[PDB]
Amino acid sequence: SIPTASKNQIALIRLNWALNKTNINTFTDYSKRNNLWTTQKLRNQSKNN
Amino acid sequence: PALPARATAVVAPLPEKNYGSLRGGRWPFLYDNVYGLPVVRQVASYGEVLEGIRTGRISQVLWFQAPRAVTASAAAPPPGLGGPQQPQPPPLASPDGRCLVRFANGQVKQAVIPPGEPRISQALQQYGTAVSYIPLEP
């Protein structure tokens with residue numbers, strides 16, 4: 001009912017929305033929420049260094 | 001199956017009239033051409049309909065309608081996003097505001113009223129004169 005480039009664009013849009021919907025975007029190596037629970041392990045290996 | 005009439009004659013057009021609300025009235029025949037139904041020849045003004053409503057001499061008003069093109073509907077994502085086709089948008093009231101007014105004594109006239117006007121709206125609501133819309137022809 002609609003041409004080709006249309007449905008191609010809509011497939012790409014759905015791809016981007018789906019990739020956003022996976023709830024992984026906020027995790028980065030440098031947060032404080034990741035630095036507060038990883039100080040135990042680093043302390044352990046640094047004192048066992 | 002009796003074959004209908006098939007006649008012909010020469011007739012003089014009627015003098016053009018300008019009642020203020022509408023102009024025309026050059027039709028000398030009691031019916032219409034493509035259809036077989038009587039054409040109206042009496043028209044109403046603004047104050048005439050307002051007073052007929054206020055005093056109760058009007059029983060019911062009917063409006064004409066329009067198709068309401070599909071792109072102007074917000075009941076689903078627009079046609080162009082590729083979804084399954086939606087059935088049809090409901091039809092709008094008359095954009096030009098034509099209406100057939102029906103009197104207490106069987107008389108039916110034609111008038112022009114914009115839908116949503118200030119005074120008529122309040123009068124219709126206060127007096128409960130029936131309102132309706134004339135469906136579209138096939």
# chains A, B, ... in the order shown; residues from 1 in each chain; ligands from 1
>>> interface_residues(of="chain B", to="chain A", cutoff="8 Å", atoms="only C-alpha atoms", output="compact mmCIF listing (two decimals) with C-alpha atoms, in the first residue's frame")
# COMPACT_ATOMS: atom_id res chain seq x y z
CA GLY B 80 1.71 6.70 5.23
CA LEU B 81 3.10 4.87 8.21
CA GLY B 82 1.90 1.63 6.61
>>> residues_around(residues="residue 24 (chain B)", least_positions_apart="6", cutoff="10 Å", atoms="only C-alpha atoms", output="VMD selection string")
chain B and resid 14 to 18 41
>>> select_by_dssp(residues="chain B", states="strand (DSSP E)", output="list in words")
residues 17, 18, 23, 24, 58, 59, 60, 61, 62, 63, 65, 66, 92, 93, 98, 99, 100, 101, 102, 103, 108, 109, 110, 111, 112, 130, 131, 132 and 133 of chain B
>>> write_last_selection(atoms="N, CA and C atoms", output="PDB file, in the first residue's frame")
ATOM      1  N   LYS B  17     -34.402  36.357  -7.548  1.00  0.00           N
ATOM      2  CA  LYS B  17     -34.729  36.940  -6.259  1.00  0.00           C
ATOM      3  C   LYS B  17     -33.499  36.941  -5.363  1.00  0.00           C
ATOM      4  N   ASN B  18     -33.440  37.940  -4.486  1.00  0.00           N
ATOM      5  CA  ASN B  18     -32.362  38.086  -3.515  1.00  0.00           C
ATOM      6  C   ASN B  18     -32.994  38.372  -2.164  1.00  0.00           C
ATOM      7  N   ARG B  23     -29.615  34.019  -3.008  1.00  0.00           N
ATOM      8  CA  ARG B  23     -30.067  34.600  -4.260  1.00  0.00           C
ATOM      9  C   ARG B  23     -30.359  33.491  -5.259  1.00  0.00           C
ATOM     10  N   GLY B  24     -31.248  33.788  -6.199  1.00  0.00           N
ATOM     11  CA  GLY B  24     -31.662  32.808  -7.181  1.00  0.00           C
ATOM     12  C   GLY B  24     -33.162  32.786  -7.373  1.00  0.00           C
ATOM     13  N   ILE B  58     -40.989  26.008  15.396  1.00  0.00           N
ATOM     14  CA  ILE B  58     -40.095  25.115  14.672  1.00  0.00           C
ATOM     15  C   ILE B  58     -39.978  23.833  15.479  1.00  0.00           C
ATOM     16  N   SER B  59     -40.018  22.690  14.796  1.00  0.00           N
ATOM     17  CA  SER B  59     -39.978  21.420  15.506  1.00  0.00           C
ATOM     18  C   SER B  59     -38.612  20.751  15.426  1.00  0.00           C
ATOM     19  N   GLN B  60     -37.996  20.757  14.250  1.00  0.00           N
ATOM     20  CA  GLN B  60     -36.755  20.030  14.062  1.00  0.00           C
ATOM     21  C   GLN B  60     -35.949  20.676  12.947  1.00  0.00           C
ATOM     22  N   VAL B  61     -34.634  20.713  13.133  1.00  0.00           N
ATOM     23  CA  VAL B  61     -33.696  21.244  12.154  1.00  0.00           C
ATOM     24  C   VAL B  61     -32.820  20.098  11.676  1.00  0.00           C
ATOM     25  N   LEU B  62     -32.452  20.123  10.398  1.00  0.00           N
ATOM     26  CA  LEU B  62     -31.580  19.112   9.819  1.00  0.00           C
ATOM     27  C   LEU B  62     -30.466  19.796   9.046  1.00  0.00           C
ATOM     28  N   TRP B  63     -29.256  19.273   9.186  1.00  0.00           N
ATOM     29  CA  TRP B  63     -28.087  19.818   8.515  1.00  0.00           C
ATOM     30  C   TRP B  63     -27.604  18.874   7.426  1.00  0.00           C
ATOM     31  N   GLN B  65     -24.129  17.407   5.304  1.00  0.00           N
ATOM     32  CA  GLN B  65     -22.859  16.911   5.806  1.00  0.00           C
ATOM     33  C   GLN B  65     -21.813  16.925   4.699  1.00  0.00           C
ATOM     34  N   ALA B  66     -20.592  16.550   5.063  1.00  0.00           N
ATOM     35  CA  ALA B  66     -19.450  16.579   4.165  1.00  0.00           C
ATOM     36  C   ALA B  66     -18.614  15.336   4.421  1.00  0.00           C
ATOM     37  N   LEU B  92     -18.447  15.213   8.730  1.00  0.00           N
ATOM     38  CA  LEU B  92     -18.574  16.505   9.386  1.00  0.00           C
ATOM     39  C   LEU B  92     -19.953  17.100   9.150  1.00  0.00           C
ATOM     40  N   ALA B  93     -20.288  18.094   9.964  1.00  0.00           N
ATOM     41  CA  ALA B  93     -21.441  18.929   9.672  1.00  0.00           C
ATOM     42  C   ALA B  93     -21.172  19.745   8.415  1.00  0.00           C
ATOM     43  N   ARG B  98     -25.670  24.817   5.150  1.00  0.00           N
ATOM     44  CA  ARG B  98     -27.023  24.661   4.635  1.00  0.00           C
ATOM     45  C   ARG B  98     -27.857  23.877   5.635  1.00  0.00           C
ATOM     46  N   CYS B  99     -29.150  24.181   5.704  1.00  0.00           N
ATOM     47  CA  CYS B  99     -30.015  23.439   6.606  1.00  0.00           C
ATOM     48  C   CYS B  99     -31.448  23.493   6.106  1.00  0.00           C
ATOM     49  N   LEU B 100     -32.172  22.404   6.351  1.00  0.00           N
ATOM     50  CA  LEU B 100     -33.607  22.337   6.132  1.00  0.00           C
ATOM     51  C   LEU B 100     -34.322  22.463   7.466  1.00  0.00           C
ATOM     52  N   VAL B 101     -35.181  23.467   7.573  1.00  0.00           N
ATOM     53  CA  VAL B 101     -35.887  23.756   8.812  1.00  0.00           C
ATOM     54  C   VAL B 101     -37.316  23.255   8.659  1.00  0.00           C
ATOM     55  N   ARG B 102     -37.830  22.598   9.695  1.00  0.00           N
ATOM     56  CA  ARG B 102     -39.142  21.965   9.664  1.00  0.00           C
ATOM     57  C   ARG B 102     -40.057  22.629  10.682  1.00  0.00           C
ATOM     58  N   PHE B 103     -41.209  23.101  10.214  1.00  0.00           N
ATOM     59  CA  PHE B 103     -42.116  23.897  11.021  1.00  0.00           C
ATOM     60  C   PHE B 103     -43.161  23.013  11.693  1.00  0.00           C
ATOM     61  N   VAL B 108     -41.583  22.911   5.251  1.00  0.00           N
ATOM     62  CA  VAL B 108     -40.140  22.711   5.260  1.00  0.00           C
ATOM     63  C   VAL B 108     -39.500  23.784   4.388  1.00  0.00           C
ATOM     64  N   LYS B 109     -38.593  24.554   4.979  1.00  0.00           N
ATOM     65  CA  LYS B 109     -37.889  25.609   4.267  1.00  0.00           C
ATOM     66  C   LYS B 109     -36.398  25.324   4.287  1.00  0.00           C
ATOM     67  N   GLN B 110     -35.647  26.161   3.584  1.00  0.00           N
ATOM     68  CA  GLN B 110     -34.197  26.085   3.584  1.00  0.00           C
ATOM     69  C   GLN B 110     -33.611  27.376   4.138  1.00  0.00           C
ATOM     70  N   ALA B 111     -32.471  27.247   4.811  1.00  0.00           N
ATOM     71  CA  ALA B 111     -31.782  28.407   5.348  1.00  0.00           C
ATOM     72  C   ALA B 111     -30.292  28.119   5.406  1.00  0.00           C
ATOM     73  N   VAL B 112     -29.530  29.161   5.728  1.00  0.00           N
ATOM     74  CA  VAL B 112     -28.095  29.055   5.955  1.00  0.00           C
ATOM     75  C   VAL B 112     -27.825  29.442   7.403  1.00  0.00           C
ATOM     76  N   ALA B 130     -35.733  19.742  18.148  1.00  0.00           N
ATOM     77  CA  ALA B 130     -34.957  18.583  17.727  1.00  0.00           C
ATOM     78  C   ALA B 130     -33.919  18.984  16.686  1.00  0.00           C
ATOM     79  N   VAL B 131     -32.754  18.349  16.742  1.00  0.00           N
ATOM     80  CA  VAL B 131     -31.655  18.616  15.823  1.00  0.00           C
ATOM     81  C   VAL B 131     -31.233  17.292  15.208  1.00  0.00           C
ATOM     82  N   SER B 132     -30.839  17.321  13.938  1.00  0.00           N
ATOM     83  CA  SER B 132     -30.355  16.119  13.281  1.00  0.00           C
ATOM     84  C   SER B 132     -29.587  16.481  12.021  1.00  0.00           C
ATOM     85  N   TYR B 133     -28.983  15.463  11.419  1.00  0.00           N
ATOM     86  CA  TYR B 133     -28.107  15.635  10.269  1.00  0.00           C
ATOM     87  C   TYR B 133     -28.609  14.759   9.133  1.00  0.00           C
TER      88      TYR B 133
END
>>> atom_distance(atom1="CA of residue 71 (chain B)", atom2="CA of residue 138 (chain B)")
21.4 Å
>>> atom_distance(atom1="CA of residue 36 (chain B)", atom2="CA of residue 91 (chain B)")
25.6 Å
>>> select_by_dssp(residues="chain A", states="alpha helix (DSSP H)", output="list in words")
residues 4, 5, 6, 7, 8, 9, 10, 11, 12, 13, 14, 15, 16, 17, 18, 19, 20, 39, 40, 41, 42, 43, 44, 45, 46 and 47 of chain A
>>> write_last_selection(atoms="N, CA, C and O atoms", output="short mmCIF file (atom, residue, chain, number, x, y, z; two decimals), in the first residue's frame")
data_model
loop_
_atom_site.label_atom_id
_atom_site.label_comp_id
_atom_site.auth_asym_id
_atom_site.auth_seq_id
_atom_site.Cartn_x
_atom_site.Cartn_y
_atom_site.Cartn_z
N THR A 4 8.55 1.40 -1.24
CA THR A 4 9.63 0.62 -0.64
C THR A 4 10.44 1.43 0.36
O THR A 4 10.63 0.98 1.50
N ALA A 5 10.94 2.60 -0.05
CA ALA A 5 11.75 3.42 0.85
C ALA A 5 11.02 3.69 2.15
O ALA A 5 11.64 3.74 3.22
N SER A 6 9.70 3.87 2.08
CA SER A 6 8.90 3.99 3.29
C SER A 6 9.16 2.84 4.25
O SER A 6 9.61 3.05 5.38
N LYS A 7 8.90 1.60 3.81
CA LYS A 7 9.00 0.46 4.70
C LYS A 7 10.44 0.22 5.15
O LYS A 7 10.68 -0.25 6.27
N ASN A 8 11.41 0.54 4.30
CA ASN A 8 12.80 0.47 4.74
C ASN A 8 13.05 1.42 5.91
O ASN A 8 13.63 1.02 6.93
N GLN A 9 12.61 2.67 5.77
CA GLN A 9 12.78 3.65 6.84
C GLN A 9 12.08 3.18 8.11
O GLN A 9 12.61 3.35 9.22
N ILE A 10 10.90 2.59 7.98
CA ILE A 10 10.16 2.17 9.16
C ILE A 10 10.86 0.99 9.83
O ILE A 10 10.86 0.86 11.06
N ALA A 11 11.47 0.11 9.04
CA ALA A 11 12.25 -0.97 9.62
C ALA A 11 13.43 -0.43 10.41
O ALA A 11 13.73 -0.90 11.52
N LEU A 12 14.12 0.58 9.86
CA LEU A 12 15.23 1.18 10.59
C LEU A 12 14.76 1.84 11.89
O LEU A 12 15.42 1.72 12.93
N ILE A 13 13.62 2.53 11.83
CA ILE A 13 13.07 3.17 13.03
C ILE A 13 12.76 2.12 14.09
O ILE A 13 13.07 2.31 15.28
N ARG A 14 12.12 1.02 13.69
CA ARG A 14 11.81 -0.04 14.63
C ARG A 14 13.09 -0.63 15.22
O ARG A 14 13.13 -0.96 16.41
N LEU A 15 14.14 -0.74 14.41
CA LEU A 15 15.42 -1.21 14.92
C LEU A 15 15.94 -0.31 16.03
O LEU A 15 16.38 -0.78 17.08
N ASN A 16 15.89 1.01 15.81
CA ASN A 16 16.41 1.93 16.81
C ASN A 16 15.57 1.89 18.09
O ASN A 16 16.12 1.88 19.20
N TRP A 17 14.25 1.87 17.95
CA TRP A 17 13.39 1.78 19.12
C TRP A 17 13.65 0.51 19.91
O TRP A 17 13.74 0.53 21.14
N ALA A 18 13.77 -0.62 19.21
CA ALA A 18 14.07 -1.89 19.86
C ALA A 18 15.40 -1.85 20.59
O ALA A 18 15.50 -2.34 21.72
N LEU A 19 16.44 -1.29 19.96
CA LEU A 19 17.72 -1.19 20.63
C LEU A 19 17.64 -0.32 21.88
O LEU A 19 18.33 -0.58 22.87
N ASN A 20 16.80 0.72 21.86
CA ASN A 20 16.64 1.53 23.06
C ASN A 20 15.91 0.77 24.15
O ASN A 20 16.19 0.95 25.34
N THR A 39 34.39 -1.32 45.09
CA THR A 39 35.52 -1.01 45.97
C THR A 39 35.89 -2.18 46.87
O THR A 39 37.05 -2.27 47.29
N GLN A 40 34.94 -3.07 47.16
CA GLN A 40 35.26 -4.25 47.96
C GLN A 40 36.26 -5.15 47.24
O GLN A 40 37.30 -5.52 47.80
N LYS A 41 35.97 -5.50 45.99
CA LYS A 41 36.84 -6.39 45.24
C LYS A 41 38.21 -5.76 45.00
O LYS A 41 39.25 -6.43 45.14
N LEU A 42 38.24 -4.48 44.65
CA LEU A 42 39.51 -3.82 44.37
C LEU A 42 40.33 -3.68 45.64
O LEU A 42 41.55 -3.86 45.61
N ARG A 43 39.68 -3.35 46.75
CA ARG A 43 40.37 -3.35 48.04
C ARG A 43 40.97 -4.71 48.35
O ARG A 43 42.12 -4.82 48.78
N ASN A 44 40.18 -5.78 48.15
CA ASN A 44 40.67 -7.12 48.42
C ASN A 44 41.92 -7.43 47.60
O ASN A 44 42.92 -7.91 48.14
N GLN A 45 41.88 -7.17 46.29
CA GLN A 45 43.00 -7.55 45.44
C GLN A 45 44.18 -6.59 45.61
O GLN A 45 45.33 -6.95 45.34
N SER A 46 43.91 -5.36 46.06
CA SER A 46 45.00 -4.42 46.29
C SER A 46 45.73 -4.74 47.58
O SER A 46 46.95 -4.56 47.68
N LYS A 47 45.01 -5.22 48.60
CA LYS A 47 45.67 -5.65 49.83
C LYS A 47 46.27 -7.03 49.66
O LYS A 47 47.21 -7.39 50.38
#
>>> residues_around(residues="residue 9 (chain B)", least_positions_apart="3", cutoff="12 Å", atoms="only C-alpha atoms", output="VMD selection string")
chain B and resid 6 12 29
>>> write_last_selection(atoms="N, CA and C atoms", output="short mmCIF file (atom, residue, chain, number, x, y, z; two decimals), in the first residue's frame")
data_model
loop_
_atom_site.label_atom_id
_atom_site.label_comp_id
_atom_site.auth_asym_id
_atom_site.auth_seq_id
_atom_site.Cartn_x
_atom_site.Cartn_y
_atom_site.Cartn_z
N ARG B 6 -43.05 11.57 -21.00
CA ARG B 6 -41.99 12.10 -21.85
C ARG B 6 -42.58 13.28 -22.61
N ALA B 12 -40.78 30.17 -19.49
CA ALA B 12 -40.02 31.38 -19.21
C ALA B 12 -39.41 31.30 -17.82
N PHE B 29 -39.98 25.10 -12.46
CA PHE B 29 -40.53 23.75 -12.39
C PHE B 29 -40.58 23.26 -10.95
#
>>> decode(residues="region 2-40 of chain A", atoms="N, CA and C atoms", output="mmCIF file, in the first residue's frame")
data_model
loop_
_atom_site.group_PDB
_atom_site.id
_atom_site.type_symbol
_atom_site.label_atom_id
_atom_site.label_comp_id
_atom_site.auth_asym_id
_atom_site.auth_seq_id
_atom_site.Cartn_x
_atom_site.Cartn_y
_atom_site.Cartn_z
ATOM 1 N N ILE A 2 2.100 1.127 0.466
ATOM 2 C CA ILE A 2 3.042 2.244 0.484
ATOM 3 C C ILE A 2 4.363 1.796 -0.130
ATOM 4 N N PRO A 3 5.153 2.712 -0.691
ATOM 5 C CA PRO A 3 6.342 2.306 -1.451
ATOM 6 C C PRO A 3 7.434 1.707 -0.577
ATOM 7 N N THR A 4 8.548 1.398 -1.242
ATOM 8 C CA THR A 4 9.627 0.624 -0.644
ATOM 9 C C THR A 4 10.441 1.427 0.361
ATOM 10 N N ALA A 5 10.942 2.597 -0.047
ATOM 11 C CA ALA A 5 11.752 3.420 0.845
ATOM 12 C C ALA A 5 11.023 3.692 2.151
ATOM 13 N N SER A 6 9.703 3.873 2.082
ATOM 14 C CA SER A 6 8.903 3.994 3.295
ATOM 15 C C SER A 6 9.162 2.836 4.249
ATOM 16 N N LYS A 7 8.903 1.603 3.806
ATOM 17 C CA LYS A 7 9.002 0.457 4.705
ATOM 18 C C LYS A 7 10.439 0.219 5.149
ATOM 19 N N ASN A 8 11.411 0.544 4.298
ATOM 20 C CA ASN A 8 12.801 0.474 4.739
ATOM 21 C C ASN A 8 13.051 1.419 5.908
ATOM 22 N N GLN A 9 12.611 2.673 5.771
ATOM 23 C CA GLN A 9 12.778 3.647 6.842
ATOM 24 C C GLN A 9 12.083 3.184 8.115
ATOM 25 N N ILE A 10 10.899 2.591 7.978
ATOM 26 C CA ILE A 10 10.165 2.172 9.164
ATOM 27 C C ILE A 10 10.855 0.988 9.829
ATOM 28 N N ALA A 11 11.470 0.109 9.035
ATOM 29 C CA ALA A 11 12.252 -0.974 9.621
ATOM 30 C C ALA A 11 13.433 -0.429 10.410
ATOM 31 N N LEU A 12 14.116 0.576 9.863
ATOM 32 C CA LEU A 12 15.229 1.183 10.587
ATOM 33 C C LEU A 12 14.761 1.837 11.885
ATOM 34 N N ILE A 13 13.622 2.532 11.834
ATOM 35 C CA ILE A 13 13.073 3.166 13.029
ATOM 36 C C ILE A 13 12.765 2.121 14.091
ATOM 37 N N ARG A 14 12.123 1.023 13.687
ATOM 38 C CA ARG A 14 11.814 -0.043 14.632
ATOM 39 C C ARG A 14 13.087 -0.626 15.223
ATOM 40 N N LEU A 15 14.137 -0.742 14.410
ATOM 41 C CA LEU A 15 15.420 -1.215 14.920
ATOM 42 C C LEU A 15 15.939 -0.306 16.026
ATOM 43 N N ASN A 16 15.893 1.009 15.807
ATOM 44 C CA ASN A 16 16.409 1.935 16.814
ATOM 45 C C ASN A 16 15.575 1.894 18.089
ATOM 46 N N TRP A 17 14.250 1.866 17.947
ATOM 47 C CA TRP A 17 13.392 1.785 19.123
ATOM 48 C C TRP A 17 13.650 0.507 19.908
ATOM 49 N N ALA A 18 13.772 -0.621 19.206
ATOM 50 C CA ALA A 18 14.069 -1.889 19.858
ATOM 51 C C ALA A 18 15.402 -1.850 20.587
ATOM 52 N N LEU A 19 16.435 -1.288 19.960
ATOM 53 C CA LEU A 19 17.724 -1.190 20.633
ATOM 54 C C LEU A 19 17.639 -0.318 21.878
ATOM 55 N N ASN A 20 16.803 0.722 21.856
ATOM 56 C CA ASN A 20 16.644 1.534 23.059
ATOM 57 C C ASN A 20 15.908 0.771 24.150
ATOM 58 N N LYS A 21 14.963 -0.082 23.765
ATOM 59 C CA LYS A 21 14.097 -0.743 24.735
ATOM 60 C C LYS A 21 14.793 -1.819 25.563
ATOM 61 N N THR A 22 16.115 -1.986 25.467
ATOM 62 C CA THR A 22 16.770 -3.088 26.161
ATOM 63 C C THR A 22 17.345 -2.701 27.518
ATOM 64 N N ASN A 23 17.164 -1.455 27.954
ATOM 65 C CA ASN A 23 17.441 -1.045 29.334
ATOM 66 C C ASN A 23 18.907 -1.231 29.720
ATOM 67 N N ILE A 24 19.806 -1.122 28.746
ATOM 68 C CA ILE A 24 21.238 -1.240 28.994
ATOM 69 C C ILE A 24 21.969 0.078 28.824
ATOM 70 N N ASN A 25 21.266 1.147 28.460
ATOM 71 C CA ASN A 25 21.906 2.389 28.049
ATOM 72 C C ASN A 25 22.664 3.092 29.168
ATOM 73 N N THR A 26 22.193 3.011 30.410
ATOM 74 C CA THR A 26 22.780 3.791 31.490
ATOM 75 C C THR A 26 24.083 3.216 32.025
ATOM 76 N N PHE A 27 24.344 1.928 31.822
ATOM 77 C CA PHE A 27 25.525 1.313 32.410
ATOM 78 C C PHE A 27 26.788 1.795 31.712
ATOM 79 N N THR A 28 27.657 2.465 32.467
ATOM 80 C CA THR A 28 28.969 2.859 31.978
ATOM 81 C C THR A 28 30.012 2.507 33.029
ATOM 82 N N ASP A 29 31.259 2.396 32.569
ATOM 83 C CA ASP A 29 32.363 1.957 33.414
ATOM 84 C C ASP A 29 32.666 2.925 34.552
ATOM 85 N N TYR A 30 32.211 4.175 34.455
ATOM 86 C CA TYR A 30 32.733 5.255 35.281
ATOM 87 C C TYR A 30 31.690 5.852 36.217
ATOM 88 N N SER A 31 30.556 5.185 36.391
ATOM 89 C CA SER A 31 29.548 5.655 37.324
ATOM 90 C C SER A 31 30.074 5.611 38.755
ATOM 91 N N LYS A 32 29.287 6.175 39.671
ATOM 92 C CA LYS A 32 29.548 5.978 41.090
ATOM 93 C C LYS A 32 28.759 4.791 41.624
ATOM 94 N N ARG A 33 27.607 4.505 41.016
ATOM 95 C CA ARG A 33 26.855 3.311 41.377
ATOM 96 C C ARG A 33 27.648 2.051 41.071
ATOM 97 N N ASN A 34 28.587 2.133 40.130
ATOM 98 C CA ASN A 34 29.450 0.997 39.832
ATOM 99 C C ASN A 34 30.747 1.062 40.629
ATOM 100 N N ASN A 35 31.123 2.255 41.100
ATOM 101 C CA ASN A 35 32.342 2.387 41.889
ATOM 102 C C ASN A 35 32.105 2.066 43.358
ATOM 103 N N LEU A 36 30.851 2.098 43.811
ATOM 104 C CA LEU A 36 30.584 1.890 45.230
ATOM 105 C C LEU A 36 30.490 0.413 45.585
ATOM 106 N N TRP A 37 30.033 -0.424 44.661
ATOM 107 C CA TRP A 37 29.998 -1.856 44.918
ATOM 108 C C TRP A 37 31.239 -2.583 44.425
ATOM 109 N N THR A 38 32.116 -1.910 43.687
ATOM 110 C CA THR A 38 33.351 -2.518 43.215
ATOM 111 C C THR A 38 34.571 -2.098 44.025
ATOM 112 N N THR A 39 34.393 -1.318 45.091
ATOM 113 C CA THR A 39 35.516 -1.007 45.967
ATOM 114 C C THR A 39 35.890 -2.176 46.866
ATOM 115 N N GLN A 40 34.943 -3.073 47.158
ATOM 116 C CA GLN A 40 35.263 -4.248 47.960
ATOM 117 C C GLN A 40 36.264 -5.145 47.239
#
